[PDB]
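Student: Pasting the sequence and an experimental structure:
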Amino acid sequence: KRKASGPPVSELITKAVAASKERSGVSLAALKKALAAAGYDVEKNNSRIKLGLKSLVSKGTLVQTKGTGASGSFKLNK
DNA sequence: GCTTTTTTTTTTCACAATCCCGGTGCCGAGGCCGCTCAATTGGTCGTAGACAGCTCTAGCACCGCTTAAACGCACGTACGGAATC
Ligand SMILES: [Ca+2]
């Protein structure tokens, strides 16, 4: 009955947190802190989270509404 | 071995759709009536085909050559289908 709680951590989650936010939103900075809130402070995972972007359009998971140079305002169904 | 972490999975909860009930009423299944016309009865008359008795067609069995076709193997090319995009 204590503090730590958070995510399931991959493309099951990049699709779940982007959908677990009630509405649309920007960048690596929104998605990672929702994914690292439990206590696992970000170390080497920084390249691993970063990679997910081409992996999502190539495998067809999130369309990006906004964003250019490692920024991406990712969408699901409206 | 042991973390660091995919995927896989399971769990959970919310939503939508379909499933099952009783209530209601409307109408066509069902059955009855009376009359009709088509099935039955009891009659005759002729021929369709059953049957015996015959013929002799063609279906079956057999036999021995001469191939042409079938069989098996060696080899490798291009096709099927699996994986990714
Ligand atoms: Ca008769």
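Tutor: Ah, there it is. Residues are numbered from 1 along each chain as shown, chains lettered A, B, ... in the order given.
Student: what sits against the residue in chain A that DNA strand B sits nearest to?
Tutor: Closest approach of chain A to DNA strand B (CB to the nearest atom of the strand) occurs at residue A:45, with a separation of 3.2 Å. Backbone N, C-alpha and C define where each C-beta goes, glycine included. Residue A:45 sits next to residue A:36 when contact means CB atoms under 8 Å, 6 or more residues apart in numbering.
Student: What residues does chain A have near DNA strand B?
Tutor: Residues of chain A lying close to DNA strand B by CB under 7 Å from any atom of the strand are A:8, A:9, A:10, A:11, A:12, A:40, A:43, A:44, A:45, A:48, A:58.
Student: Check the burial of the last one by counting its neighbours.
Tutor: Neighbour count of residue A:58, defined by other CB atoms under 10 Å: 8.
Student: Got the phi and psi for it?
Tutor: phi -60, psi -40 (degrees, to the nearest 10).
Student: How about the first one?
Tutor: Backbone dihedrals for residue A:8, given as degrees, to the nearest 10, come out at phi -90, psi 0.
Student: thinking it is in contact with residue A:17, fair?
Tutor: No - contact criterion CB atoms under 8 Å: residue A:8 and residue A:17 do not qualify, at 9.2 Å.
Student: Looking at these two, which is more packed in?
Tutor: Taking neighbours as other CB under 10 Å, residue A:8 and residue A:17 compare with residue A:17 leading, 21 against 9.
Student: picking up where we left off before, between the residues of chain A next to DNA strand B, which is closest to residue A:75?
Tutor: Residue A:75 has its nearest neighbour among those in residue A:11, at 15.3 Å by CB to CB.
Student: who wins for most neighbours among the residues of chain A next to DNA strand B?
Tutor: residue A:9 (16 neighbours).
Student: in which helix or strand would I find that residue?
Tutor: Residue A:9 belongs to no helix or strand when elements are defined using DSSP states H and E.
Student: just the one 10 residues further on next, same as before
Tutor: When elements are defined using DSSP H and E, residue A:19 is found to belong to helix A:11-20.
Student: Run the chain-centre distance for the next helix or strand after that helix.
Tutor: Toward the C-terminus, helix A:11-20 is succeeded by helix A:27-35 as the next helix or strand (DSSP H and E). In terms of CA atoms, centre = their mean, to the nearest Å, the centre of helix A:27-35 is found 5 Å from the chain centre.
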